[PDB]
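Protein chains in written order, with the entry's author numbering: chain A, 1 to 88; chain B, 4 to 109, 112 to 130.
Structure below.
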């Protein structure tokens, strides 16, 4: 693996894959807890695990909805965004 | 006492559409009376054993299940405690917990006494 240091080492597509791994919830309970902990570390979003388990009504309860809220919140709070991939 | 086996007993309480709003309060949230009926007289190796069957029964109750969003519904379907709201967690204690309102008698399986709480409500373990 090329190590991730922050969410800006993820393309949006890479981060969506990570959130889908969490939503798929195919991992052990211990691994699931460590994935959610890493999720919060990367997003720096003050909702923490609520983005996954207590989503706001005004977006999609889905990995796509989660990534959209993270993207918009981080941009509005002057935080670094996703790595641009070859879509750009 | 939580690691000792025993028999589920008691009645529970009637419950509405904001069940776990009580989980962070003085009272905690009660075992729903209808859930209580389904566990009475079952034998459990320890309290962790009761916890799994409880959340499974919650997932099979449509009125209780719909009070959770998609990811928490998937957890209780598998017998895992739902995540509590972030503000109500305590470090690695991310999920609702089963505790006791009053002293256990010579017990841990009395469903009049069991409360669902947030980690924060039960912070001093």
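Just so you know, even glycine gets a beta-carbon here, dropped at the ideal spot from N, CA and C.
Subject >> Own chain, CB closer than 6 Å to residue 127 of chain B, minus 5 neighbours either side, in chain order >> reply: Within the second chain, numbered from 1, the residue matching residue 127 of chain B stands at position 122. Closer than 6 Å at Cβ, skipping near neighbours: 100 and 102.
Subject >> Backbone secondary structure at residue 18 of chain B - three-state DSSP >> reply: The residue you call residue 18 of chain B lines up with position 15 of the second chain. Residue state, collapsed to three classes: coil.
Original post:
For chain A, is any of its Cβ atoms less than 9 Å away from the one on residue 73 of chain B?
Top reply: On the second chain, position 70 is the one that residue 73 of chain B refers to. Chain A contact via Cβ: present.
**OP:** May I ask which residues mark the beginning and end of the beta strand (DSSP E) holding residue 111 of chain B?
**Re:** Chain B lacks the residues between 109 and 112, and residue 111 of chain B is one of those with no coordinates.
**OP:** Go to residue 122 of chain B, then tell me how far its beta strand (DSSP E) extends in each direction, as first and last residue.
**Re:** In the second chain, counting from the first residue as 1, residue 122 of chain B sits at position 117. Segment 119-122, the beta strand (DSSP E) holding residue 122 of chain B.
Subject >> Three or more C-beta pairs below 8 Å linking the segment 77-84 of chain A and the segment 26-45 of chain B >> reply: no
**OP:** May I ask you to report which of helix, strand or coil DSSP gives residue 72 of chain A?
**Re:** As a first step, residue 72 of chain A must be located in the first chain, where it is residue number 72. DSSP places residue 72 of chain A in helix when its eight states are reduced to three.
**OP:** Specify the secondary structure class of residue 96 of chain B as computed by DSSP and reduced to three states.
**Re:** The sequence position of residue 96 of chain B within the second chain is 93, counting from 1. Here residue 96 of chain B sits in strand by DSSP.
**OP:** Run the CB neighbour count on residue 1 of chain A, radius 10 Å, all protein chains shown included, and call it buried at 16 or more, exposed below.
**Re:** On the first chain, position 1 is the one that residue 1 of chain A refers to. Answer is exposed; the Cβ neighbour count stays below 16.
**OP:** Please list, in chain order, all residues of the same chain as residue 59 of chain A whose beta carbon is under 8 Å from its beta carbon, the five residues on each side excluded.
**Re:** One-based indexing of the first chain puts residue 59 of chain A at position 59. These residues qualify, in order along the chain: 65, 68 and 69.
Subject >> Distance, residue 83 of chain A Cα to residue 124 of chain B Cα >> reply: On the second chain, residue 124 of chain B is found 119 positions in, with the first residue counted as 1. On the first chain, residue 83 of chain A is found 83 positions in, with the first residue counted as 1. Their backbone Cα atoms lie some 36 Å apart in a straight line.
**OP:** Taking all protein chains shown into account, decide if residue 88 of chain A is buried (16 or more other Cβ within 10 angstroms of its Cβ) or exposed.
**Re:** Numbered from its first residue, the first chain carries residue 88 of chain A at position 88. Exposed.
Original post:
Three-state secondary structure (DSSP) at residue 71 of chain B?
Top reply: In the second chain, the residue the question calls residue 71 of chain B occupies position 68. Residue state, collapsed to three classes: coil.
Subject >> Other residues of its chain near residue 97 of chain B: CB distance less than 8 Å, five sequence neighbours each side excluded >> reply: Position 94 of the second chain holds residue 97 of chain B. Hits under 8 Å: 86, 87 and 124.
**OP:** Give the single residue among B/71, B/23 and B/54 whose Cα lies nearest to the Cα of residue 57 of chain A.
**Re:** In the first chain, the residue the question calls residue 57 of chain A occupies position 57. The shortest Cα separation from residue 57 of chain A among B/71, B/23 and B/54 belongs to B/71.
**OP:** Say whether chain A places a C-beta atom closer than 9 Å to the C-beta of residue 97 of chain B.
**Re:** The residue you call residue 97 of chain B lines up with position 94 of the second chain. Residue 97 of chain B counts as touching chain A.
Subject >> Whole-Å CB distance - residue 73 of chain B paired with residue 61 of chain A, under 8 Å assumed >> reply: The count along the second chain starts at 1 and reaches residue 73 of chain B at position 70. The count along the first chain starts at 1 and reaches residue 61 of chain A at position 61. Correct: roughly 5 Å between the Cβ atoms.
**OP:** Closer than 7 Å by beta-carbon distance: list the chain A residues that pair up with residue 77 of chain B, in chain order.
**Re:** Within the second chain, residue 77 of chain B is the residue found at index 74, counting from 1. Result: 25.
Original post:
Looking at C-alpha atoms only, which residue of A/51, A/20, A/32 and A/41 is the closest neighbour of residue 4 of chain A?
Top reply: Sequence index remark: in the first chain, residue 4 of chain A carries index 4 (1-based). The shortest Cα separation from residue 4 of chain A among A/51, A/20, A/32 and A/41 belongs to A/41.
**OP:** Work out the CA separation of residue 113 of chain B and residue 12 of chain B for me, nearest whole Å.
**Re:** Translated into positions along the second chain, residue 12 of chain B becomes position 9. Translated into positions along the second chain, residue 113 of chain B becomes position 108. Approximately 9 Å between the Cα atoms of the pair.
Original post:
Any beta-carbon of chain A closer than 9 Å to the one on residue 92 of chain B?
Top reply: Counting from 1 along the second chain, the entry for residue 92 of chain B is found at position 89. So, interface residue.
**OP:** Please name the residue or residues paired with residue 27 of chain B in a DSSP beta bridge.
**Re:** Within the second chain, residue 27 of chain B is the residue found at index 24, counting from 1. In DSSP, residue 27 of chain B forms no bridge with anything.
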